[PDB]
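Read-outs throughout are calculated quantities, based only on the coordinates presented, and are distinct from any laboratory measurement. A quick note on method: Cβ atoms are made from the backbone with ideal geometry, for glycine too, and the neighbour counts reach across all protein chains shown.
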Number of protein chains: 2
Amino acid sequence: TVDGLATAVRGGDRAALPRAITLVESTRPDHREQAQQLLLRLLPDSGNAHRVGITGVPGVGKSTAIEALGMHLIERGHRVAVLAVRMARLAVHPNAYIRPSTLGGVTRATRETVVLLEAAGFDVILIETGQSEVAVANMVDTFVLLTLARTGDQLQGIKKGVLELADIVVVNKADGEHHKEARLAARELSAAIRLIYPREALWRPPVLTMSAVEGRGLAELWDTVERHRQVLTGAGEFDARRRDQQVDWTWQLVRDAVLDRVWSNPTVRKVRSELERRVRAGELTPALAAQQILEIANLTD
Amino acid sequence: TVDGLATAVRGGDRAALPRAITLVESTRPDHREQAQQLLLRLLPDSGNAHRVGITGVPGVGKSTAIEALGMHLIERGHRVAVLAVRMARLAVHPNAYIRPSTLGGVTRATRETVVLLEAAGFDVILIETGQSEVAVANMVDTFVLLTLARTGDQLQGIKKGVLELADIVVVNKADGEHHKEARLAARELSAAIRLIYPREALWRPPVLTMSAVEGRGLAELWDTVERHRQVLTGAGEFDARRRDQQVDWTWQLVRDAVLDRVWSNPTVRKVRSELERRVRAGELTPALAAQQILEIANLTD
Ligand SMILES: Nc1nc2c(ncn2[C@@H]2O[C@H](COP(=O)(O)OP(=O)(O)O)[C@@H](O)[C@H]2O)c(=O)[nH]1
Ligand SMILES: Nc1nc2c(ncn2[C@@H]2O[C@H](COP(=O)(O)OP(=O)(O)O)[C@@H](O)[C@H]2O)c(=O)[nH]1
């Protein structure tokens, strides 16, 4: 009934999707293996969606923007899924799907859930965010960064480096007392994006203003998301980026499988503090501690 | 004579350093092991130096700045080593040491060379730079980024993300027709550093101007390097950063040892293109290709 579970998802049965999602989220050894066979069957029905990541600090307005962008999209004929690596009026619609979420684990489960959703007819996948930003950037076509409409304080609370992940930057809460400040805060971020992408010819991250609580700027945000994709498609980079993500994910799964044998080893985990204390104190070289970790892992595996 | 090779390096014998460096750079299995024992003996004589990384695009002026900074330091009583991951007038001095350089390999060899040099009495280590910037940032106390004194073009050619590695940013070639442009180019970079470190309280990367060919700005660069260190020491972060680098390096060596069994496997390497082509075409899931890579590695090891 895995062959059966695949025709039901592809045919649009909507009690079968939660179950296939449950199967994909399971890690019991018997489940991963059928989860794999299902994905394999549904994979050629995937890929026909725009995957958008969305990040920014708690309270920047992420879930308010997603709810509104979700409504905007549904009213335009899309079927929208929201995943997390809050929004009630979205969740009511028969054309929306909202599901709540170890980074390797949740990445795997999210990634595999996307294949299911795309096979199931969803054409827009919104994925909301520790090292979780990179993980989501690596599984989406357009990575969106929401920031604060405060001149000199846009990236408050943002891990450094995250700005370079963004295909689009959005100065949110451009309302109330900060209509004019929003514009200046945006122009400040543009200036910086211009220094970080000084001779980019294909896509330099545009910076938008938004008021996700007043529903202002979501349409323009989406117009920009579509534009990102027409630009990348016209240069052959859109499929090229996806194929490169799937190859990097493959090598990452290989990396995780082979390193978890070590990291996950109980003996390695008891002895870890002491070998580290010794390294930090220069009582032991890192090559020698590394060897000891390996010998020990190898004795108890 | 490994116990002998350690008292000769620590005592300041200067034909013994090249030889210990040669021993540390060797990967023949019999050599790594004595290299380790030597490092272990010299490790308590290391740590008494300021390690500075230096990066920027080819032609930005790196090796001209290093030669001049080197002379500045030697005339002030330091013993200076330069490593690379060009400068002849430096290389003549009995208080300078210049040595030319697989990323894991060259990182290991550089890192181990630093211990030797510090044991040998060198108190300033300059390390000049693919993913080589992160590697050097992870092995130094102060990471310096040289950029161009061109308004709107400072980071031309720089991999994105590298700006967030810098403890210090230096607008170089602030001479000739660009004295005033240099000042503005610097103020542009300050504005961006201010957006990326909007509420930093301990150390916000200062941005300096320099003319490394006219010997202008090197002294101020070094004053800033020393200041970086007094600031970090006053907060207990200077040793804390070093100890965290040695622990991360340990886990990296463990990661490299365990993954090279796979990556380095000849059979894995023949079959790689085809498994990738299959992943990129959606003929195969990444979890299933990952498994096939592992089974195959495991059959031929
Ligand atoms: N003034 C203003 N408040 C907003 C805006 N968007 C969200 N908020 C408020 O900020 C708080 C957090 O918003 P939320 O969507 O939950 O942010 P999240 O943590 O990123 O999901 C809520 O009280 C929202 O009403 C906006 O555009 N303007
Ligand atoms: N005008 C000017 N030229 C410089 C400066 N520093 C280096 N150069 C020139 O730029 C070229 C490359 O300098 P170099 O030190 O080799 O750069 P590197 O590739 O980063 O090592 C040489 O012709 C230098 O003379 C400077 O401050 N001003």
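Results for (1) within 16 Å of ligand 2 (Cβ to nearest atom); (2) within 14 Å of chain A (Cβ to nearest Cβ), shown as yes or no for each residue.
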{"site": "B:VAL9", "(1), (2)": "no, no"}
{"site": "B:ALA15", "(1), (2)": "no, no"}
{"site": "B:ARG19", "(1), (2)": "no, no"}
{"site": "B:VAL24", "(1), (2)": "no, yes"}
{"site": "B:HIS31", "(1), (2)": "no, yes"}
{"site": "B:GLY47", "(1), (2)": "no, yes"}
{"site": "B:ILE54", "(1), (2)": "yes, no"}
{"site": "B:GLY61", "(1), (2)": "yes, no"}
{"site": "B:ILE66", "(1), (2)": "yes, no"}
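Residues of segment B:254-301 being more than 9 Å from every other protein chain (Cβ to nearest Cβ), more than 31 Å from the chain's Cα centre (by Cα) and not in a helix (DSSP H, G or I), which ones?
Passing the criteria: B:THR300, B:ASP301.
Against the condition among the small types (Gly, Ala, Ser), away from ligand 1 (no atom under 16 Å from the Cβ) and within 14 Å of chain A (Cβ to nearest Cβ), how does B:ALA137 come out, does it pass?
Numbers: among the small types (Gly, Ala, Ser): yes; away from ligand 1 (no atom under 16 Å from the Cβ): yes; within 14 Å of chain A (Cβ to nearest Cβ): yes.
Yes.
If you take the residues in segment A:20-67 that are assigned to a helix (DSSP H, G or I) and within 16 Å of ligand 1 (Cβ to nearest atom), which one is surrounded by the most Cβ atoms within 10 Å (Cβ to Cβ)?
Step by step, filter segment A:20-67, then rank; the result is A:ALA65.
Go through (1) within 16 Å of ligand 2 (Cβ to nearest atom); (2) under 23 Å from B:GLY217 (Cβ atoms); (3) not hydroxyl-bearing (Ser, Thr, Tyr) one by one and return the number of the condition B:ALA96 breaks.
With respect to (1) within 16 Å of ligand 2 (Cβ to nearest atom); (2) under 23 Å from B:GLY217 (Cβ atoms); (3) not hydroxyl-bearing (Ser, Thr, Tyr), B:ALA96 is out only on (1).
Go through segment B:163-201 residue by residue and tally those that are more than 14 Å from ligand 2 (Cβ to nearest atom) and within 10 Å of another protein chain (Cβ to nearest Cβ).
Count: 15.
For A:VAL114, work out the one condition from (1) surrounded by fewer than 18 Cβ atoms within 10 Å (Cβ to Cβ); (2) within 30 Å of A:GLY215 (Cβ to Cβ); (3) within 13 Å of chain B (Cβ to nearest Cβ) it doesn't fulfil.
(1)
Please indicate, with yes or no, whether at least one residue in segment A:181-192 is outside any helix (DSSP H, G or I) and either under 25 Å from the mean Cα position of the chain (by Cα) or near ligand 1 (Cβ under 10 Å from one of its atoms) (or both).
Checked against the condition, which is being outside any helix (DSSP H, G or I) and either under 25 Å from the mean Cα position of the chain (by Cα) or near ligand 1 (Cβ under 10 Å from one of its atoms) (or both), segment A:181-192 yields no hits at all.
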